[PDB]
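Quick notes on the structure that follows.
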Amino acid sequence: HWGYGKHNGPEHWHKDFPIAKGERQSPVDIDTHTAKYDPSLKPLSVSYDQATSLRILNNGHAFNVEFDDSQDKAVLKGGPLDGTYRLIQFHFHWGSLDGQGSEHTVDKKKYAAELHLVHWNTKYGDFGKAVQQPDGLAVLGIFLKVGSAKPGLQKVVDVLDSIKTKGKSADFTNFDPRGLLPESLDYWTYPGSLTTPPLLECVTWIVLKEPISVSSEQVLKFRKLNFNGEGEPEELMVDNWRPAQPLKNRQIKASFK
Ligand SMILES: Cc1ncc(-c2ccc(S(N)(=O)=O)cc2)o1
Ligand SMILES: Cc1ncc(-c2ccc(S(N)(=O)=O)cc2)o1
Ligand SMILES: [Zn+2]
């Protein structure tokens with residue numbers, strides 16, 4: 001029953017998920033001047049050449065593009081990470097207006113949307129086991145600003161009408177997530193959590209400094225999705241973002257000077 005409405009939104013989540021008030025919650029504001037350059041941080045290794053997308057699902061909170069993660073086909077390594085993390089899905093969070101929608105903020109700036117590429121640590125064998133571990137997941141976060149279209153996003157945009165409502169899915173094969181990346185892989189990193197219930201504190205966050213540009217028409221199509229199921233009153237899927245949470249006893253590290 002959690003969601004993003006007045007009656008079930010982020011302010012309510014702690015009542016069923018007490019970890020909502022925990023010590024390593026996400027997202028956070030990235031204060032660029034306080035983040036420390038860490039020269040020991042390695043370049044990120046994004047290896048998506050063998051990615052196998054399978055399906056796109058409206059889950060009532062966002063839409064997930066799901067991948068075959070039964071083998072090491074699309075993996076994230078390097079950066080702050082030890083070992084190999086397999087891509088399981090990506091999704092976005094976005095706003096009702098271009099001035100909001102991102103979960104992380106940068107010097108309090110909100111972007112129009114934020115892409116999360118979710119990966120799990122292969123030493124734990126599957127995703128369900130990984131979320132129970134402090135180093136179980138690595139989520140690569142990428143900001144979206146509104147400007148020029150992102151050509152690699154269009155195949156995603158164009159299928160959304162077929163998954164308008166909660167529980168709908170569609171075949172979504174041969175999608176290359178490399179088309180969603182910016183040019184630079186400079187990043188900030190910090191230990192955090194899932195940003196939706198169950199809010200588990202299992203994520204190494206890697207947030208790219210360079211946003212990608214998407215067109216107004218592209219993001220408008222995100223906003224035509226529904227939180228509700230088919231044959232239910234229409235509630236537009238917008239503002240599905242959690243606001244910044246207290247940093248507490250954490251340091252944000254930068255890969256770049
Ligand atoms: C009107 C209404 N019926 C049930 C709920 C509700 C249930 C769980 C949550 S929570 N704590 O999971 O966010 C928030 C609200 O609201
Ligand atoms: C129970 C469950 N299965 C998958 C997830 C989940 C995955 C990523 C994120 S996020 N927004 O932190 O990338 C939030 C929740 O929740
Ligand atoms: Zn997310």
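Note that the numbering runs from 1 along the sequence shown for the chain. In each ligand, atom 1 is the first atom listed, and ligand 1 is the first ligand listed.
In the vicinity of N8, heavy-atom distances shorter than 4.0 Å reach the ligand 1 atoms 13 (O), 14 (C), 15 (C). Set against the non-hydrogen atoms of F17, the atoms of ligand 1 under 4.0 Å away are 12 (O). Close approach of ligand 1 to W2 is summarised as follows: ligand atoms under 4.0 Å from at least one heavy atom of the residue are 10 (S), 12 (O), 13 (O).
The N/O atoms of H14, backbone and side chain alike, include none that comes under 3.5 Å of an N/O atom in ligand 1. In terms of polar-atom proximity, defined here as any N/O pair under 3.5 Å, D16 does make such a contact with ligand 1.
The side chain to side chain donor-acceptor pair (under 3.5 Å) pairs that include a residue from residues 137-159 are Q154-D158, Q154-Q218, where partners are two or more places apart or lie in different chains.
More than 12 heavy atoms of other shown residues, nucleotides or ligands fall within 6.0 angstrom of atom CD in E210. Shown here is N249, whose CG atom has no more than 12 heavy atoms of other residues, nucleotides or ligands within 6.0 Å.
Around the Zn ion (ligand 3), the protein atoms of type N, O or S that sit closer than 2.8 Å are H91 NE2, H93 NE2, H116 ND1.
Evaluated for a salt bridge (charged side-chain N to carboxylate O under 4.0 Å, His left out) with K164, the options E234, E230, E235 yield exactly one hit, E234. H93 pairs with exactly one of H61, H116, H104 by the side chain to side chain donor-acceptor pair (under 3.5 Å) rule, that one being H116.
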Would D98 and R223 satisfy salt bridge (charged side-chain N to carboxylate O under 4.0 Å, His left out), going step by step from the backbone distance to the final call?
-> CA-CA 11 Å; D98 294 352; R223 302 184 185 131; 2.8 Å; yes
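For a heavy-atom separation below 4.0 Å, the residues in contact with ligand 2 are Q89, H91, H93, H116, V118, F127, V139, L194, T195, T196, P198, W205.
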Donor-acceptor contacts, no H, no angles, side chain residues 63-72, under 3.5 Å, sequence neighbours left out:
residue, atom, partner, partner atom, Å
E66, OE1, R55, NE, 2.8
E66, OE1, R55, NH2, 3.2
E66, OE2, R55, NH2, 2.8
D68, OD1, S70, N, 2.9
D68, OD1, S70, OG, 2.7
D68, OD2, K73, NZ, 2.8
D69, OD2, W120, NE1, 2.8
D72, OD1, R86, NE, 2.6
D72, OD1, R86, NH2, 3.3

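Aromatic rings of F92 and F222 (six-membered ring for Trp) have centroids within the 6.0 Å cut-off, being under it.
Of the N and O atoms on the side chains of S26 and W205, at least one donor lies less than 3.5 Å from an acceptor on the other residue. Using modelled atom types, one finds a donor on one side chain and an acceptor on the other under 3.5 Å when comparing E103 with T195. In this model, no donor atom of one side chain and acceptor atom of the other lie less than 3.5 Å apart for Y4 and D239.
Under a hydrophobic-cluster definition in which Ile, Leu, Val, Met, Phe, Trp and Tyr are linked whenever side-chain heavy atoms come within less than 4.5 Å, directly or via other members, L153 and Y48 are assigned to the same cluster.
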